[PDB]
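[1] below is the structure, and that's it, no one-letter string:
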Ligand SMILES: [Ca+2]
Ligand SMILES: [Cl-]
Ligand SMILES: [Mn+2]
Ligand SMILES: [Mn+2]
Ligand SMILES: [Mn+2]
Ligand SMILES: [Mn+2]
């Protein structure tokens, strides 16, 4: 009983514009037809404008069904699916709540591969970025088993002010980066952005009260490159927050494979209650990468938004556990959690880094494997295994309760653990060499012996 998009005129040849047919299918499903189920037979469905998902609709695409992004409009977004209306810039409308939407199967060709000059998207010369989904003010949205290809310096998915969103068993292949782009713009392009709902981060609607995203889970998915464009810059995260935005919360990133990202597998500021668990982060050498960042990378990077005037709600309750890191690039850091500047007024707290396995065989590593900078309270770094590199764990300028218990180190060339504090002008240890533990007793710190050493 699922309605076929062919029932409404979709040709599926990649030449005819099938947008209207697809929209009519969705609209009918939203009314109740076919139980809200829409089906996509094998084929290539070109769309020259945005398709709008509606409440209680469920799209299923054949394995050989491909949605081709043909949205090439000046001063206009090039995102295939949205959960709210959009016409032209300057005519945005408020997006009302939507819910119970599912999308499964097939491929979405965001069509962002570069022209031979590498200055623009070859098939969409007028766009500034391309993506697949713009999910805003939505509830209970499920995206699964979808292959996303060639984003033109954009977000494959944006989840803003949305609750109960699941991205599962999908593949994010390739992100095109043109010659002309600056680093500032580049690192702000996460393939899956999870953010509060503001016009700044979600210019597709008028909603501007900073509604948070909540209960978002990205799991069992693969992130890498395609045969047309290089590795993604940042797989998941966000890069913006203000006193007026509510922090996305209960964000779970589980069992994903981040295959050689250029900057980070996970990077964010302004999240609360995050769980990054059982993921695999691989990083190859510059020579085997299409995209490479000279400035370096940090596979997991929970940082603080640059702001010295406001007391922001910086990252809190972040758990980084049981992840595996295979690093070959000497400029790549495995894990980083920080309040980047002593000038930031907010606080980073309740940080847990446990049972992670770091395999660093890069030559002459240029930085620590695990960096914890200015955590204000409740920091736990325990039972992590680090194979290779220079420094193992660096804890700098952290306050409050700190617990570092039974981590393992093998074949390291530098200090296993560095517990550092600074004064208004310089640096000195809080209290050191080899493997040991740190505990907080009555507000005070103390090194404790543990007999776990490398005998390789
Ligand atoms: Ca969580
Ligand atoms: Cl939970
Ligand atoms: Mn339009
Ligand atoms: Mn956004
Ligand atoms: Mn944005
Ligand atoms: Mn490229």
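    Perfect, I can see it now. Residues are numbered from 1 along each chain as shown. Ligands and ions are numbered 1, 2, ... in the order given.
[2] right, and residue 355 touches residue 383 too?
    Yes: counting by Cβ atoms under 8 Å, residue 355 sits close enough to residue 383 to count as a contact (4.9 Å). (C-beta placed from N, C-alpha, C; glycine too.)
[3] close to ligand 6: what parts of the chain are there?
    176, 229-230 (Cβ under 5 Å from the ion).
[4] so which of those is the closest to residue 338?
    Using Cβ to Cβ, residue 230 comes nearest to residue 338 of the residues of the chain next to ligand 6, at 27.2 Å.
[5] let me see the contact set for the nearest residue to that closest one once chain neighbours are set aside.
    Closest residue to residue 230 apart from its sequence neighbours, by Cβ to Cβ, 6 or more residues apart in numbering: residue 290 at 3.3 Å. If a contact means Cβ atoms under 8 Å, 6 or more residues apart in numbering, then residue 290 has 225, 229-231 as its contacts.
[6] how about residue 355?
    Residue 355 touches 321-322, 382-385, counting by Cβ under 8 Å, 6+ apart.
[7] check the contacts of residue 290 and tell me the two furthest apart.
    Among these, 229 and 231 lie farthest apart (Cβ to Cβ), at 8.6 Å.
[8] overlap of the contact sets of those two?
    By Cβ under 8 Å, 6+ apart, the residues touching both residue 229 and residue 231 are 174-175, 290.
[9] can you map out the helices along the stretch 201-350 of the chain?
    With DSSP state H, counting those that start in this stretch as the definition, the stretch 201-350 of the chain shows no helices.
[10] contacts for stretch 416-424, please.
    368, 386, 391-397, 404, 407, 409, 427-436, 438, 445, 447.
[11] circling back: okay, the shared contacts of residue 229 and residue 231 in JSON lines with distance to residue 283 next?
    Formatted as JSON lines, the shared contacts of residue 229 and residue 231 follow (distance: Cβ to Cβ, whole Å):
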{"residue": "174", "distance to residue 283": "17"}
{"residue": "175", "distance to residue 283": "16"}
{"residue": "290", "distance to residue 283": "13"}
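[12] just the ones in strands from these, please.
    174-175 (DSSP state E).
[13] could you give the number of residues near residue 377?
    Counted with other Cβ atoms under 10 Å, residues neighbouring residue 377 total 16.
[14] could you give the bridge partners of it?
    residue 349 (DSSP bridges).
[15] ok, now how distant is it from ligand 1?
    19 Å (Cβ to the ion, to the nearest Å).
[16] cool, and residue 282?
    Counting by Cβ to the ion, the gap from residue 282 to ligand 1 is 24 Å.
[17] most surrounded residue in the residues of the chain next to ligand 6?
    residue 176 (26 neighbours).
[18] and it, what is it in contact with?
    112-114, 121, 150-153, 228-230.
[19] hey, which helix is longest across this protein?
    In the chain, taking DSSP state H as the definition, the longest helix is helix 19-30.
[20] next secondary structure after that helix?
    strand 37-40 (DSSP states H and E).
[21] so which elements touch the helix or strand following that following strand?
    For strand 37-40, the following helix or strand on the C-terminal side (DSSP H and E) is strand 43-47. Contacts defined by 3 or more Cβ pairs under 8 Å, 6 or more residues apart in numbering; DSSP states H and E place strand 43-47 against strand 13-17, helix 19-30, strand 65-69.
[22] which parts of the stretch 201-350 of the chain sit against ligand 4?
    Counting by Cβ under 5 Å from the ion, the residues of the stretch 201-350 of the chain that sit close to ligand 4 are residue 201.
[23] if I pick the residue of the stretch 201-350 of the chain found nearest ligand 1, what's in contact with it?
    The stretch 201-350 of the chain approaches ligand 1 most closely through residue 275 (3.9 Å), counting by Cβ to the ion. Applying Cβ under 8 Å, 6+ apart, we find residue 275 in contact with 251-254, 319, 321.
[24] can you put these in TSV and add neighbour count?
    What follows is those, written out as TSV (neighbours: other Cβ atoms under 10 Å):
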residue	neighbour count
251	27
252	16
253	29
254	16
319	17
321	17
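[25] just the ones of the residues you listed in strands?
    251-254, 319, 321.
[26] redo the contacts of residue 290 as TSV? Include distance to residue 194.
    Below are the contacts of residue 290 laid out as TSV (distance: Cβ to Cβ, whole Å):
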residue	distance to residue 194
225	22
229	23
230	23
231	20
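[27] up against ligand 1, what does the stretch 251-400 of the chain have?
    252, 273, 275.
[28] out of these, who's nearest residue 46?
    residue 252 (35.0 Å).
[29] which residues touch the closest one?
    Taking Cβ under 8 Å, 6+ apart as the test, what residue 252 contacts is 216-219, 274-275, 277.
[30] for residue 198, same thing?
    160, 207-210, 242, 244-245.
[31] switch the cut-off to 10 Å
    Going by Cβ atoms under 10 Å, 6 or more residues apart in numbering, residue 198 touches 160-161, 205, 207-211, 240-242, 244-245.
[32] and those residues, which two are furthest apart?
    205 and 241 (18.8 Å).
[33] okay, these two: which has more neighbours?
    Between residue 205 and residue 241, counted using other Cβ under 10 Å, residue 241 has the larger neighbour count: 28 against 24.
[34] which residue packs closest to the residue in the stretch 201-350 of the chain positioned nearest to ligand 4, ignoring adjacent ones?
    Nearest residue of the stretch 201-350 of the chain to ligand 4 (Cβ to the ion) works out as residue 201 at 3.9 Å. Distance criterion Cβ to Cβ, 6+ apart; nearest residue to residue 201, sequence neighbours excluded, is residue 195 at 4.7 Å.
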